[PDB]
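Following: one structure in structure tokens, then a few remarks.
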Amino acid sequence: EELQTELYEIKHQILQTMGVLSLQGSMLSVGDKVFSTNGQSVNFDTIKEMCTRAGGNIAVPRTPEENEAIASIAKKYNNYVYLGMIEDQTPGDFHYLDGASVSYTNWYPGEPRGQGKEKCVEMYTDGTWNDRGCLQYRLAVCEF
Amino acid sequence: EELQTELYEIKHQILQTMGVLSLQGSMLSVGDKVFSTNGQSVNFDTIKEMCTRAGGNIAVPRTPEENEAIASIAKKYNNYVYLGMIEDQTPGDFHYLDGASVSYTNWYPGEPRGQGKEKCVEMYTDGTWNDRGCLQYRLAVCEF
Amino acid sequence: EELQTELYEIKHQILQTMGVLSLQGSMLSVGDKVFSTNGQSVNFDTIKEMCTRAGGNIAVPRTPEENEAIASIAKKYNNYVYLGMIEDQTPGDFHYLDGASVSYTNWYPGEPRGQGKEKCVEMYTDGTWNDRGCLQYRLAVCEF
Ligand SMILES: [Ca+2]
Ligand SMILES: [Ca+2]
Ligand SMILES: [Ca+2]
């Protein structure tokens, strides 16, 4: 009886706080995922660290819509973004950080291809991907 | 049994996040309404768009307290604010965006009055209102 | 049946908003406490006011971990922080704002000591404390 009311007020309040964050441009909601960046441009590992420290994970799009969302953040900060995936042993193949193998992909024509073992994946401001070193300075985007 | 505890922790956490946003000056709470602006000064339609895109609606005070809250944001950013209301067909009469007719009002002495059909409503930094064109650049304030 | 799902989505959402705030560096979570500052440097009373106005209270560490958390904020803004405690009648003794007597302490060697009745407590960027006047300009840190 009380529950119903409380759940309502709680939901309203969460929507309000998320509404404020969205309006401030501090986050992007896409389905159940929330993307956000603190505007910093660091290398891969550094990014992984920050995201996990905030309670999240380095972003990785698993659908065209998620991909576009990250691309808009890349565009907004005019910088490339490191994605949550790395090249397996057998070149040309990449996997999600946990271990699963990349499902959705948006490689720029001709990619993946490059000199290097265990390469990272950066996203161009147009959304397409490119594989390369993990020591560049990329916009740190996280997903929660 | 578990519920009671969880609801408590959830409420605490929401209060914390709202407390942080309030302290940062990112929002103002007045009753069940939360007001917020991203500091941008755009015309009416533009404002409507932004607010709805964030999951909210262009602000509209329905009580002296709500009115003052928006006025403080107008004062803080030293800019006038477009309110969520527009002039009906029969001049001098305004309605809430949905359709209902404006209830609470705080017109500046002598207002409303002006050359124009379907005019917008701006709030002066002192809180009083004035009706005029919808193409000026006003502080975008939303309510959630 | 529905509850279980809703509680889950609600928890997820709260974690997301807190994750965004953490990533933006707007807050620090330590156990059930959340610390945050709006970067302002004001005197004691002023600080008390701001925190309560935001729905919180001037920060006070009650454990080494809380202490370090506030110290990191002090370090980040390169400014000393006023803590939530004041000297009792009998010099050398301090109490929490409510009234309870200070439990955890991290005085800088030789402290507390100084000319003054009812003194405040500032935290050095290294985390140790020092008692002195309440009219200095210190970083306003709140806990929620
Ligand atoms: Ca490549
Ligand atoms: Ca007028
Ligand atoms: Ca002293």
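Reconstructed Cβ throughout: ideal geometry from the backbone, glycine too, with neighbour counts over all protein chains shown. Each value in this text was obtained by applying a stated rule to the coordinates, not by laboratory testing.
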If a residue has to be in contact (Cβ under 8 Å) with a residue 60 or more places away in the chain and within 14 Å of another protein chain (Cβ to nearest Cβ) to count, how many in the range B:58-76 make the cut?
3
Which ones in the range B:34-43 are crowded, with 20+ Cβ neighbours inside 10 Å and over 17 Å from C:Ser26 (Cβ atoms)?
B:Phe35, B:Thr37
A:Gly84 fails exactly one of (1) within 13 Å of the chain's Cα centre (by Cα); (2) within 14 Å of chain C (Cβ to nearest Cβ); (3) surrounded by 14 or more Cβ atoms within 10 Å (Cβ to Cβ); (4) outside any strand (DSSP E or B), namely (2)
Hey, among A:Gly114, A:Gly55, which residue is part of a loop (DSSP other than H, G, I, E, B) and away from every other protein chain (no Cβ under 14 Å)?
A:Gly114
Residue by residue through the range A:71-109, note down the ones that are under 16 Å from A:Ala59 (Cβ atoms) and of a type in the set (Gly, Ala, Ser).
A:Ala71, A:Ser72, A:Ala74, A:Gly84, A:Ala100, A:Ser103
Show the residue pairs that are 6+ apart or on different chains and have beta-carbon atoms under 6 Å apart, the first residue being within the range C:130-142 and free of Cβ contacts under 8 Å to residues at least 24 places away in the same chain, the second being buried (at least 18 other Cβ atoms within 10 Å of the Cβ) and not in a strand (DSSP E or B).
C:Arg132/C:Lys119
Of the residues C:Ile47, C:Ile73, only one is assigned to a helix (DSSP H, G or I), under 30 Å from A:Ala140 (Cβ atoms) and of a type in the set (A, V, I, L, M); which?
C:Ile73
Sole residue being more than 24 Å from C:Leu23 (Cβ to Cβ) and within 13 Å of ligand 1 (Cβ to nearest atom), chosen from A:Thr90, A:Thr128:
A:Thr128
Going residue by residue through the range C:88-111, is there one that turns out to be in a helix (DSSP H, G or I), more than 16 Å from ligand 2 (Cβ to nearest atom) and either within 14 Å of another protein chain (Cβ to nearest Cβ) or surrounded by fewer than 17 Cβ atoms within 10 Å (Cβ to Cβ) (or both)?
no
Across the range B:61-81, which residue is surrounded by the most Cβ atoms within 10 Å (Cβ to Cβ) among those that are closer than 12 Å to B:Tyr124 by Cβ and under 14 Å from the mean Cα position of the chain (by Cα)?
B:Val81
For the range C:122-132, enumerate the residues that are within 13 Å of the chain's Cα centre (by Cα) and near ligand 3 (Cβ under 9 Å from one of its atoms).
C:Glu122, C:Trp129
Restricting attention to the range A:29-52, which residues are in contact (Cβ under 8 Å) with a residue 24 or more places away in the chain, closer than 18 Å to C:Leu15 by Cα and facing another protein chain (nearest Cβ under 10 Å)?
A:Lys33, A:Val34, A:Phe35, A:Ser36, A:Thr37, A:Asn38, A:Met50, A:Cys51
Being assigned to a helix (DSSP H, G or I), out of contact with any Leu (no Cβ under 6 Å at 6 or more places or on another chain), crowded, with 17+ Cβ neighbours inside 10 Å and more than 14 Å from chain A (Cβ to nearest Cβ), is that true of even one residue in the range B:6-19?
no
